[PDB]
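A.B. asks: here is the sequence, then the experimental structure:
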Amino acid sequence: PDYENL
Amino acid sequence: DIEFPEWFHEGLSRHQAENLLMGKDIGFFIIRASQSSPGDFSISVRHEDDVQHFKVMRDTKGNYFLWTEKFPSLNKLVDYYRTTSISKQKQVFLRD
C-alpha cells in the first residue's frame, strides 16, 4: 500500500 | 509513567484507521504499528475528503522523522506537525 512520504 | 497517548493504537489496521478517522475532522490522526511492514509504525491522518498514511522513518541513533527534520521521540514529531504541515501536497496540521 502507498505512503505519502515514500 | 508509561501510558500510551490516546491516539496511539498499536494493533489498528490501515483499513480500521481509515474508517475511524473518516468520522473525525481534518488533521485528526492516529499512530499504529505498520501492517504491511512488520516492525514499522504508521500515522494515519484525516485529510479533506479521505485518510492518508505516512511511514515513520528511523535512523541508527534512534531519531524519528517523516520528511526532513528529525526528532528524539514520536511525541516531539507529533507536536511539530501541529504547526508545520504533515502533507506536502495540501495544508494539513495534526490536531487532537
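C.D. replies: Good, I have the coordinates. Numbering: from 1, shown residues only, chains lettered A, B, ... in the order given.
A.B. asks: so what's the residue count around the residue in chain B that chain A sits nearest to?
C.D. replies: Proximity of chain B to chain A (C-beta to the nearest C-beta) peaks at residue B:55, 4.1 Å away. No exception for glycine: its C-beta is placed from N, CA and C like everyone else's. A count of nearby residues for residue B:55, using other C-beta atoms under 10 Å in any protein chain shown, gives 17.
A.B. asks: can you check residue B:95 too?
C.D. replies: Around residue B:95 there are 14 residues (other C-beta under 10 Å).
A.B. asks: need the contact list for it.
C.D. replies: Residues counted as contacts of residue B:95 (C-beta atoms under 8 Å, 6 or more residues apart in numbering or on different chains) are B:25-29, B:82.
A.B. asks: if you set the cut-off to 6 Å instead, what comes out?
C.D. replies: When contacts are counted by C-beta atoms under 6 Å, 6 or more residues apart in numbering or on different chains, residue B:95 touches residue B:27.
A.B. asks: ok, residue B:65 next?
C.D. replies: Applying C-beta under 6 Å, 6+ apart to residue B:65 gives the contacts residue B:57.
A.B. asks: returning to that earlier point: helix, strand, or coil at the residue lying closest to the residue of chain B closest to chain A once chain neighbours are set aside?
C.D. replies: What sits nearest to residue B:55 in space, not counting adjacent residues and going by C-beta to C-beta, 6 or more residues apart in numbering or on different chains, is residue A:3, at 4.1 Å. Put simply, residue A:3 is coil when judged by DSSP: H, G, I helix; E, B strand; the rest coil.
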